[PDB]
Structure formats: structure tokens, C-alpha cells
Amino acid sequence: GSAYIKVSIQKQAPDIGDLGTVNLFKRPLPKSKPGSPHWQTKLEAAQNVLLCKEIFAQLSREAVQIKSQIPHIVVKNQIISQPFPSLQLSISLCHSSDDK
Amino acid sequence: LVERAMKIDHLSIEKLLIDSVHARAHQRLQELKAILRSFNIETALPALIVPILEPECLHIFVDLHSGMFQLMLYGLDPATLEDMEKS
């Protein structure tokens with residue numbers, strides 16, 4: 001599929017669910033009209049999404065990490081954190097493959 | 001209090017876990033607030049809050065994965081609040 005990295009410093013958010021992460025319009029990205037090997041584009045997109053998988057797997061390892069001076073909740077795809085009570089966190093990702 | 005935000009199953013395994021730990025952490029926070037009020041405060045959504053003066057400082061939160069709820073007062077004196085944490 002395809003992935004997208006996005007961070008948003010909002011005010012705050014509770015443990016709720018709504019029209020949050022990318023909708024059916026998953027990750028609007030360059031059409032890439034310039035002539036290039038389409039198979040190579042698919043290949044590099046797969047490499048990119050695997051990189052996103054790896055970086056998210058590494059970032060997920062924070063609950064068992066040093067839990068001091070930075071308390072933070074973490075769930076699947078959501079790592080919303082409160083370093084200061086002004087900014088927000090939880091860089092997210094999606095899979096732009098489930099849309100015919 | 002009806003399994004807040006995770007009353008229904010079949011969504012995700014982590015959902016029920018975070019629900020349970022959040023409920024129990026809020027319970028413990030209210031318990032702490034109880035003894036604080038009986039001595040002589042307020043709370044929030046992630047965790048509780050306790051003032052120290054009468055005006056900002058001394059924020060305390062909970063470890064959503066284990067005990068020993070952490071806390072951090074914006075300021076100085078490091079490696080000393082850890083004793084308070086342990087106590």
C-alpha cells in the first residue's frame with residue numbers, strides 16, 4: 001500500500017474516536033505525471049511503507065522505555081503525549097490500499 | 001463508568017487494557033485526592049492535579065503500564081524527587 005507521516009500540535013484530546021486520521025482520501029500526494037518506471041514507483045512506495053512500519057515499531061517501544069519526567073499514553077497507531085500542557089503529539093500513519 | 005470508551009469489545013485488544021488501566025488510575029487518583037481534601041484540590045482527564053501555594057507547579061501523573069506513578073515539579077532538585085516517588 002502507501003503510508004503518510006503527519007504530526008499535529010493541537011490543544012488536547014481524550015481517549016475518543018472521530019473523523020481523525022486520513023479519510024477515504026488517504027494521503028493526497030503528487031500524481032507523479034513526469035515519466036518514470038511505474039513498477040519502480042510501486043517498489044519505492046513499498047520501501048517507504050516498510051520504512052514507516054519500522055519507524056513506528058521503534059517508536060512504539062516507549063511504554064517499556066524510561067518512564068520518567070515524560071508520562072505518556074500509547075496505543076496502536078496513537079502515541080498521543082503531553083510533554084507540556086500546550087502542545088500535542090501522536091504522529092500517525094495510514095494504509096492507502098483499501099480504496100478501490 | 002461503563003467501561004469508558006471501550007464498553008464494546010471486538011475493536012482492539014489494547015482498547016480494553018487502556019480502558020481498565022485508565023479507570024483504575026483515575027480511581028487511585030480520586031483516592032489520593034480524598035486524603036488530600038481530608039487534610040485540607042482538583043483533578044483532570046489524564047490524571048490528578050494538586051497545588052502547593054495560593055496564587056503552575058507540582059504536576060503528578062500515572063504510569064499507564066505499571067505502578068509507581070511518576071511526578072515532576074517544574075524547577076530544580078533532581079534525583080531527590082525520586083525518593084518521594086518511591087515513598
# chains A, B, ... in the order shown; residues from 1 in each chain; ligands from 1

$ residues_around --residues "residue 2 in chain B" --least-positions-apart "5" --cutoff "12 Å" --atoms "only C-alpha atoms" --output "PDB file with N, CA, C and O atoms, in the first residue's frame"
ATOM      1  N   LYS B   7     -16.512   0.103  26.174  1.00  0.00           N
ATOM      2  CA  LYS B   7     -17.583  -0.764  26.651  1.00  0.00           C
ATOM      3  C   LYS B   7     -17.775  -1.963  25.731  1.00  0.00           C
ATOM      4  O   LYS B   7     -17.911  -3.102  26.190  1.00  0.00           O
ATOM      5  N   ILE B   8     -17.781  -1.720  24.420  1.00  0.00           N
ATOM      6  CA  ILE B   8     -17.940  -2.807  23.464  1.00  0.00           C
ATOM      7  C   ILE B   8     -16.585  -3.425  23.166  1.00  0.00           C
ATOM      8  O   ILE B   8     -15.571  -2.725  23.048  1.00  0.00           O
ATOM      9  N   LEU B  16      -9.371  -2.492  25.577  1.00  0.00           N
ATOM     10  CA  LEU B  16      -9.840  -2.882  26.903  1.00  0.00           C
ATOM     11  C   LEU B  16      -8.765  -2.674  27.959  1.00  0.00           C
ATOM     12  O   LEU B  16      -9.071  -2.272  29.089  1.00  0.00           O
ATOM     13  N   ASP B  19      -8.471   0.979  28.726  1.00  0.00           N
ATOM     14  CA  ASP B  19      -9.693   1.335  29.434  1.00  0.00           C
ATOM     15  C   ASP B  19      -9.575   0.986  30.910  1.00  0.00           C
ATOM     16  O   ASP B  19      -9.805   1.833  31.782  1.00  0.00           O
ATOM     17  N   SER B  20      -9.219  -0.267  31.188  1.00  0.00           N
ATOM     18  CA  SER B  20      -9.099  -0.758  32.553  1.00  0.00           C
ATOM     19  C   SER B  20      -8.063   0.036  33.333  1.00  0.00           C
ATOM     20  O   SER B  20      -8.326   0.469  34.462  1.00  0.00           O
ATOM     21  N   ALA B  23      -9.257   3.601  34.055  1.00  0.00           N
ATOM     22  CA  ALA B  23     -10.267   3.614  35.105  1.00  0.00           C
ATOM     23  C   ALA B  23      -9.623   3.428  36.473  1.00  0.00           C
ATOM     24  O   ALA B  23      -9.932   4.162  37.418  1.00  0.00           O
TER      25      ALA B  23
END

$ select_by_dssp --residues "chain A" --states "helix (DSSP H, G or I)" --output "PyMOL selection string"
chain A and resi 38-60

$ write_last_selection --atoms "N, CA, C and O atoms" --output "PDB file, in the first residue's frame"
ATOM      1  N   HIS A  38       6.799   2.922 -13.672  1.00  0.00           N
ATOM      2  CA  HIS A  38       5.708   2.775 -12.712  1.00  0.00           C
ATOM      3  C   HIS A  38       5.985   1.649 -11.722  1.00  0.00           C
ATOM      4  O   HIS A  38       5.673   1.760 -10.530  1.00  0.00           O
ATOM      5  N   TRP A  39       6.564   0.549 -12.205  1.00  0.00           N
ATOM      6  CA  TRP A  39       6.934  -0.545 -11.314  1.00  0.00           C
ATOM      7  C   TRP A  39       7.955  -0.080 -10.285  1.00  0.00           C
ATOM      8  O   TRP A  39       7.895  -0.461  -9.112  1.00  0.00           O
ATOM      9  N   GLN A  40       8.897   0.764 -10.710  1.00  0.00           N
ATOM     10  CA  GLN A  40       9.876   1.305  -9.777  1.00  0.00           C
ATOM     11  C   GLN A  40       9.212   2.233  -8.767  1.00  0.00           C
ATOM     12  O   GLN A  40       9.619   2.295  -7.602  1.00  0.00           O
ATOM     13  N   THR A  41       8.178   2.961  -9.198  1.00  0.00           N
ATOM     14  CA  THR A  41       7.425   3.793  -8.263  1.00  0.00           C
ATOM     15  C   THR A  41       6.734   2.935  -7.211  1.00  0.00           C
ATOM     16  O   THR A  41       6.760   3.251  -6.018  1.00  0.00           O
ATOM     17  N   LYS A  42       6.110   1.838  -7.642  1.00  0.00           N
ATOM     18  CA  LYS A  42       5.485   0.921  -6.694  1.00  0.00           C
ATOM     19  C   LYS A  42       6.522   0.343  -5.737  1.00  0.00           C
ATOM     20  O   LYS A  42       6.275   0.204  -4.533  1.00  0.00           O
ATOM     21  N   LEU A  43       7.703   0.015  -6.261  1.00  0.00           N
ATOM     22  CA  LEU A  43       8.764  -0.555  -5.439  1.00  0.00           C
ATOM     23  C   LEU A  43       9.237   0.434  -4.377  1.00  0.00           C
ATOM     24  O   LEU A  43       9.393   0.082  -3.201  1.00  0.00           O
ATOM     25  N   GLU A  44       9.477   1.684  -4.778  1.00  0.00           N
ATOM     26  CA  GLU A  44       9.948   2.676  -3.817  1.00  0.00           C
ATOM     27  C   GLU A  44       8.851   3.030  -2.820  1.00  0.00           C
ATOM     28  O   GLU A  44       9.129   3.334  -1.657  1.00  0.00           O
ATOM     29  N   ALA A  45       7.589   2.968  -3.251  1.00  0.00           N
ATOM     30  CA  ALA A  45       6.485   3.180  -2.321  1.00  0.00           C
ATOM     31  C   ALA A  45       6.431   2.067  -1.283  1.00  0.00           C
ATOM     32  O   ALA A  45       6.173   2.312  -0.099  1.00  0.00           O
ATOM     33  N   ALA A  46       6.669   0.828  -1.716  1.00  0.00           N
ATOM     34  CA  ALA A  46       6.723  -0.286  -0.775  1.00  0.00           C
ATOM     35  C   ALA A  46       7.885  -0.122   0.197  1.00  0.00           C
ATOM     36  O   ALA A  46       7.750  -0.380   1.398  1.00  0.00           O
ATOM     37  N   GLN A  47       9.041   0.303  -0.313  1.00  0.00           N
ATOM     38  CA  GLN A  47      10.181   0.576   0.556  1.00  0.00           C
ATOM     39  C   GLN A  47       9.833   1.652   1.579  1.00  0.00           C
ATOM     40  O   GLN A  47      10.175   1.548   2.763  1.00  0.00           O
ATOM     41  N   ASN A  48       9.128   2.692   1.132  1.00  0.00           N
ATOM     42  CA  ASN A  48       8.731   3.776   2.022  1.00  0.00           C
ATOM     43  C   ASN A  48       7.789   3.275   3.110  1.00  0.00           C
ATOM     44  O   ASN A  48       7.947   3.610   4.288  1.00  0.00           O
ATOM     45  N   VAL A  49       6.801   2.462   2.732  1.00  0.00           N
ATOM     46  CA  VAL A  49       5.827   1.998   3.716  1.00  0.00           C
ATOM     47  C   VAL A  49       6.477   1.024   4.693  1.00  0.00           C
ATOM     48  O   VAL A  49       6.118   0.979   5.876  1.00  0.00           O
ATOM     49  N   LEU A  50       7.468   0.256   4.234  1.00  0.00           N
ATOM     50  CA  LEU A  50       8.210  -0.596   5.158  1.00  0.00           C
ATOM     51  C   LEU A  50       9.052   0.240   6.111  1.00  0.00           C
ATOM     52  O   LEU A  50       9.200  -0.099   7.292  1.00  0.00           O
ATOM     53  N   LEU A  51       9.609   1.348   5.618  1.00  0.00           N
ATOM     54  CA  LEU A  51      10.329   2.262   6.498  1.00  0.00           C
ATOM     55  C   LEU A  51       9.396   2.848   7.550  1.00  0.00           C
ATOM     56  O   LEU A  51       9.772   3.004   8.716  1.00  0.00           O
ATOM     57  N   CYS A  52       8.174   3.199   7.144  1.00  0.00           N
ATOM     58  CA  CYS A  52       7.194   3.700   8.104  1.00  0.00           C
ATOM     59  C   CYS A  52       6.853   2.636   9.139  1.00  0.00           C
ATOM     60  O   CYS A  52       6.746   2.926  10.335  1.00  0.00           O
ATOM     61  N   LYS A  53       6.673   1.393   8.692  1.00  0.00           N
ATOM     62  CA  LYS A  53       6.422   0.293   9.616  1.00  0.00           C
ATOM     63  C   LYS A  53       7.556   0.164  10.626  1.00  0.00           C
ATOM     64  O   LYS A  53       7.327   0.017  11.831  1.00  0.00           O
ATOM     65  N   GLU A  54       8.798   0.242  10.144  1.00  0.00           N
ATOM     66  CA  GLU A  54       9.949   0.093  11.028  1.00  0.00           C
ATOM     67  C   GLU A  54      10.040   1.241  12.025  1.00  0.00           C
ATOM     68  O   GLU A  54      10.287   1.021  13.218  1.00  0.00           O
ATOM     69  N   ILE A  55       9.847   2.478  11.558  1.00  0.00           N
ATOM     70  CA  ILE A  55       9.983   3.625  12.454  1.00  0.00           C
ATOM     71  C   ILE A  55       8.856   3.624  13.478  1.00  0.00           C
ATOM     72  O   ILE A  55       9.050   3.997  14.640  1.00  0.00           O
ATOM     73  N   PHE A  56       7.670   3.160  13.077  1.00  0.00           N
ATOM     74  CA  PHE A  56       6.579   3.061  14.036  1.00  0.00           C
ATOM     75  C   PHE A  56       6.822   1.945  15.041  1.00  0.00           C
ATOM     76  O   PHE A  56       6.463   2.086  16.214  1.00  0.00           O
ATOM     77  N   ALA A  57       7.427   0.838  14.606  1.00  0.00           N
ATOM     78  CA  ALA A  57       7.761  -0.237  15.535  1.00  0.00           C
ATOM     79  C   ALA A  57       8.798   0.226  16.547  1.00  0.00           C
ATOM     80  O   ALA A  57       8.737  -0.128  17.730  1.00  0.00           O
ATOM     81  N   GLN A  58       9.765   1.023  16.094  1.00  0.00           N
ATOM     82  CA  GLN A  58      10.762   1.568  17.010  1.00  0.00           C
ATOM     83  C   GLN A  58      10.132   2.569  17.971  1.00  0.00           C
ATOM     84  O   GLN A  58      10.414   2.554  19.175  1.00  0.00           O
ATOM     85  N   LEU A  59       9.273   3.450  17.454  1.00  0.00           N
ATOM     86  CA  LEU A  59       8.669   4.485  18.283  1.00  0.00           C
ATOM     87  C   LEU A  59       7.703   3.886  19.297  1.00  0.00           C
ATOM     88  O   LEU A  59       7.525   4.421  20.397  1.00  0.00           O
ATOM     89  N   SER A  60       7.061   2.773  18.935  1.00  0.00           N
ATOM     90  CA  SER A  60       6.142   2.105  19.849  1.00  0.00           C
ATOM     91  C   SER A  60       6.860   1.657  21.115  1.00  0.00           C
ATOM     92  O   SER A  60       6.267   1.613  22.199  1.00  0.00           O
TER      93      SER A  60
END

$ interface_residues --of "chain A" --to "chain B" --cutoff "9 Å" --atoms "only C-alpha atoms" --output "ChimeraX atom specification"
/A:14-17,63-64,67-76

$ residues_around --residues "residue 4 in chain A" --least-positions-apart "3" --cutoff "10 Å" --atoms "only C-alpha atoms" --output "PyMOL selection string"
chain A and resi 22+26-29+48-49+52+91-96

$ write_last_selection --atoms "N, CA and C atoms" --output "PDB file, in the first residue's frame"
ATOM      1  N   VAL A  22      -6.482  10.110   8.338  1.00  0.00           N
ATOM      2  CA  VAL A  22      -6.846  10.304   6.936  1.00  0.00           C
ATOM      3  C   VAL A  22      -8.073   9.488   6.550  1.00  0.00           C
ATOM      4  N   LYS A  26      -7.073   9.027   1.305  1.00  0.00           N
ATOM      5  CA  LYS A  26      -5.873   8.661   2.045  1.00  0.00           C
ATOM      6  C   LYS A  26      -4.622   9.286   1.444  1.00  0.00           C
ATOM      7  N   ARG A  27      -3.983  10.178   2.197  1.00  0.00           N
ATOM      8  CA  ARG A  27      -2.687  10.743   1.840  1.00  0.00           C
ATOM      9  C   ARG A  27      -2.662  11.350   0.433  1.00  0.00           C
ATOM     10  N   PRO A  28      -3.290  12.514   0.236  1.00  0.00           N
ATOM     11  CA  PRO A  28      -3.151  13.209  -1.052  1.00  0.00           C
ATOM     12  C   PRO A  28      -1.694  13.515  -1.353  1.00  0.00           C
ATOM     13  N   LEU A  29      -1.197  13.021  -2.484  1.00  0.00           N
ATOM     14  CA  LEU A  29       0.231  13.065  -2.772  1.00  0.00           C
ATOM     15  C   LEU A  29       0.460  13.385  -4.246  1.00  0.00           C
ATOM     16  N   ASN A  48       9.128   2.692   1.132  1.00  0.00           N
ATOM     17  CA  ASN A  48       8.731   3.776   2.022  1.00  0.00           C
ATOM     18  C   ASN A  48       7.789   3.275   3.110  1.00  0.00           C
ATOM     19  N   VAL A  49       6.801   2.462   2.732  1.00  0.00           N
ATOM     20  CA  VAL A  49       5.827   1.998   3.716  1.00  0.00           C
ATOM     21  C   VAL A  49       6.477   1.024   4.693  1.00  0.00           C
ATOM     22  N   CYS A  52       8.174   3.199   7.144  1.00  0.00           N
ATOM     23  CA  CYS A  52       7.194   3.700   8.104  1.00  0.00           C
ATOM     24  C   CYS A  52       6.853   2.636   9.139  1.00  0.00           C
ATOM     25  N   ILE A  91       2.150  11.402  16.056  1.00  0.00           N
ATOM     26  CA  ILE A  91       2.409  11.171  14.642  1.00  0.00           C
ATOM     27  C   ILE A  91       1.697   9.886  14.242  1.00  0.00           C
ATOM     28  N   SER A  92       1.034   9.893  13.090  1.00  0.00           N
ATOM     29  CA  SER A  92       0.211   8.772  12.670  1.00  0.00           C
ATOM     30  C   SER A  92       0.657   8.256  11.309  1.00  0.00           C
ATOM     31  N   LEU A  93      -0.044   7.226  10.842  1.00  0.00           N
ATOM     32  CA  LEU A  93       0.231   6.609   9.553  1.00  0.00           C
ATOM     33  C   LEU A  93      -1.031   5.905   9.081  1.00  0.00           C
ATOM     34  N   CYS A  94      -1.110   5.648   7.779  1.00  0.00           N
ATOM     35  CA  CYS A  94      -2.281   5.008   7.195  1.00  0.00           C
ATOM     36  C   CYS A  94      -1.814   4.012   6.140  1.00  0.00           C
ATOM     37  N   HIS A  95      -2.769   3.287   5.560  1.00  0.00           N
ATOM     38  CA  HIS A  95      -2.506   2.303   4.508  1.00  0.00           C
ATOM     39  C   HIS A  95      -3.447   2.616   3.349  1.00  0.00           C
ATOM     40  N   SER A  96      -2.923   3.305   2.334  1.00  0.00           N
ATOM     41  CA  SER A  96      -3.721   3.728   1.183  1.00  0.00           C
ATOM     42  C   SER A  96      -3.775   2.586   0.172  1.00  0.00           C
TER      43      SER A  96
END
